[PDB]
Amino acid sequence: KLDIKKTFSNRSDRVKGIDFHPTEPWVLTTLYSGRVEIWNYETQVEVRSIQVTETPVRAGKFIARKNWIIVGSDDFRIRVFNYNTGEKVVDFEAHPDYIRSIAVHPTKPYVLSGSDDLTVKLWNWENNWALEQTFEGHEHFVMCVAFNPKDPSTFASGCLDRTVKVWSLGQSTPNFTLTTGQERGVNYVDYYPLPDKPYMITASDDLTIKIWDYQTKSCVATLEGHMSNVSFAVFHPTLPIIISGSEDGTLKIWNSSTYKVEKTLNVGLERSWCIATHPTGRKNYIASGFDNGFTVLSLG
């Protein structure tokens, strides 16, 4: 039963990136101010924070495997910190332009970064963070990268050039390019995590959200309702719903079967920029980052 409860919200500078730890009640936020925070959302106490740089930090993920966080910023750099000690693990220039998005491979020591330099790059931490592959083909800022959880030898990039490209590790060209018809570009791409549907989802400045069948390349549905740029849209890992956030300042929960809006939330923190869902669906936790801070919600 959809019974949405606010677990924890705090105010901060604009949060551009967000992620859940899989075994600790922690959420990571990365801010436009160059700061990153790890909050325990149940005790409502800060566990660790770092002033990483002076530029926006747009991307941040836990690497629970290694007790790390990995972050990417407008100063062109990827940095990794141990969250137990605060020690900096590595610090390198990844792209000659903004880093928009970082994805972590679930079983292999690989990280993907998407950039305004028109590329996605693959880094290998068991090979001294060497650059192992550059994926070229996009024609505008690549805004989002995501592994297929059902087959992480492939991944998707969403780009302001109005396309999504799907790639295989070890190969130089996309397996396919999706021409979305979202003419103001693609800000976000996500996979449906379960094996019954070959679905992907995209969000755009053109105010639409689109669902795709990645086998036929067809648009299954178009979700309209937001009144300003849609920053993200994701499938929930366990609940039959879709969650989106917009510069109109709302989160929307859509029925994933009928594609109708079930609930619109204005959490009162201005524009919404980022989203995370708890990897195992614990308390059906979700978290979103906004102009004025973040909120962690229990959906049911």
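Residues carry their position along the shown sequence, with the first being 1.
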property: Mean C-alpha temperature factor, higher of 210-218 and 139-147; result: 210-218
property: Between 227-235 and 251-259 (mean CA B-factor, as deposited), the higher; result: 251-259
property: For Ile243, the third of its chain into which the C-alpha B factor falls; result: lowest
property: Chain third (lowest, middle, highest) by recorded CA B-factor, residue given as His95; result: middle
property: Chain third (lowest, middle, highest) by recorded CA B-factor, residue given as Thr280; result: highest
property: CA B-factor placement of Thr23, once the chain's modelled residues are sorted into thirds; result: highest
property: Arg65 by Cα B-factor - lowest, middle or highest third of the modelled chain; result: highest
